[PDB]
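The structure appears below as structure tokens.
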Amino acid sequence: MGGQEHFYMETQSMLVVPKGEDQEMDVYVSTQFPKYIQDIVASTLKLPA
Amino acid sequence: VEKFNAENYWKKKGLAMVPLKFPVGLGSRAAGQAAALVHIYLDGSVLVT
């Protein structure tokens, strides 16, 4: 049995905004799981969540 | 000061002292309601508001 592709109509769109104070990082992302996004951005930036 | 006030006709000094009893309160009971909200994330780190 062969696989499949999702073909969700909306593509992967996101925006990341630094704040300029306290290394605050807004991440407006059209994902299903914001916890992973926050975790991976924190680990990449070397920041507490 | 009293040695100064009698040795200068145009140049005077002075002294004063005042007490302070300041009450702290509001109008009614519903004027002191105060809320807050605290989050803790998976890594030890806290967001308050």
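The chains in the structure tokens are called A, B, ... from first to last as shown; in each chain the residues are counted from 1, and the ligands are counted from 1 in the order shown.
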
* **chain B residues near chain A (10 Å cut-off, only C-alpha atoms) as a list in words** =>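 That gives the following set of residues: residues 40, 41, 42, 43, 44, 45, 46 and 47 of chain B.
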
Residue selection dump (N, CA and C atoms) as a compact mmCIF listing (two decimals), in the first residue's frame:
```txt
# COMPACT_ATOMS: atom_id res chain seq x y z
N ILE B 40 3.39 28.29 34.70
CA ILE B 40 4.69 27.63 34.78
C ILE B 40 4.82 26.72 33.57
N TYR B 41 5.98 26.77 32.90
CA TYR B 41 6.22 25.99 31.71
C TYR B 41 7.06 24.76 32.04
N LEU B 42 7.24 23.89 31.04
CA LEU B 42 7.89 22.60 31.25
C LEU B 42 9.31 22.75 31.77
N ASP B 43 10.10 23.61 31.15
CA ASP B 43 11.32 24.03 31.80
C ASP B 43 10.93 25.02 32.88
N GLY B 44 11.63 24.97 34.01
CA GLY B 44 11.28 25.83 35.11
C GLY B 44 11.41 27.29 34.75
N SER B 45 10.27 27.94 34.53
CA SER B 45 10.19 29.33 34.12
C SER B 45 8.74 29.77 34.21
N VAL B 46 8.52 30.99 34.68
CA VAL B 46 7.21 31.44 35.14
C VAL B 46 6.82 32.72 34.40
N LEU B 47 5.55 32.81 34.02
CA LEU B 47 4.98 34.01 33.41
C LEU B 47 3.80 34.48 34.24
```

* Asked: Skipping near chain neighbours, those fewer than 6 positions away, what residues fall within 7 Å of segment 9-15 of chain A using only C-alpha atoms, listed as number ranges by chain?
  -> A: 27-30

Give the strand (DSSP E) residues of chain A, as DSSP finds them on the backbone, and put them as an mmCIF file with N, CA and C atoms, in the first residue's frame.
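Output saved as states-v7.cif:
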```
data_model
loop_
_atom_site.group_PDB
_atom_site.id
_atom_site.type_symbol
_atom_site.label_atom_id
_atom_site.label_comp_id
_atom_site.auth_asym_id
_atom_site.auth_seq_id
_atom_site.Cartn_x
_atom_site.Cartn_y
_atom_site.Cartn_z
ATOM 1 N N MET A 14 4.201 31.596 8.249
ATOM 2 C CA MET A 14 4.524 32.020 9.606
ATOM 3 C C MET A 14 5.262 33.351 9.583
ATOM 4 N N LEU A 15 5.252 34.025 10.735
ATOM 5 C CA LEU A 15 6.013 35.245 10.956
ATOM 6 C C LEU A 15 6.654 35.177 12.335
ATOM 7 N N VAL A 16 7.888 35.657 12.443
ATOM 8 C CA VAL A 16 8.596 35.728 13.715
ATOM 9 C C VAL A 16 9.014 37.171 13.941
ATOM 10 N N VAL A 17 8.704 37.697 15.121
ATOM 11 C CA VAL A 17 8.946 39.089 15.470
ATOM 12 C C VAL A 17 9.822 39.152 16.714
ATOM 13 N N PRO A 18 11.053 39.643 16.623
ATOM 14 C CA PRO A 18 11.785 40.031 17.834
ATOM 15 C C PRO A 18 11.186 41.275 18.466
ATOM 16 N N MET A 25 10.259 37.080 21.903
ATOM 17 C CA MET A 25 10.100 36.604 20.534
ATOM 18 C C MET A 25 8.659 36.174 20.324
ATOM 19 N N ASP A 26 7.906 36.945 19.554
ATOM 20 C CA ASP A 26 6.585 36.508 19.137
ATOM 21 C C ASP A 26 6.720 35.621 17.911
ATOM 22 N N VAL A 27 5.895 34.582 17.843
ATOM 23 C CA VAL A 27 5.914 33.635 16.738
ATOM 24 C C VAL A 27 4.464 33.412 16.337
ATOM 25 N N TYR A 28 4.022 34.082 15.284
ATOM 26 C CA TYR A 28 2.677 33.885 14.757
ATOM 27 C C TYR A 28 2.749 32.799 13.693
ATOM 28 N N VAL A 29 2.288 31.595 14.020
ATOM 29 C CA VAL A 29 2.469 30.454 13.127
ATOM 30 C C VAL A 29 1.176 29.654 13.052
#
```

**OP:** Could you please write out, as a list in words, every residue of chain B that DSSP assigns to alpha helix (DSSP H)?
**Re:** residues 2, 3, 4 and 5 of chain B

**Exercise: residue 14 of chain B partners within 8 Å, only C-alpha atoms, chain neighbours under 2 positions left out, as number ranges by chain** = B: 1, 12, 16

*Have a look at atom CA of residue 39 of chain B and atom CA of residue 34 of chain A and let me know their distance in Å, one decimal.*
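Pair atom CA of residue 39 of chain B / atom CA of residue 34 of chain A returns 15.5 Å.
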
note - atom CA of residue 17 of chain B and atom CA of residue 4 of chain B are separated by 19.0 Å
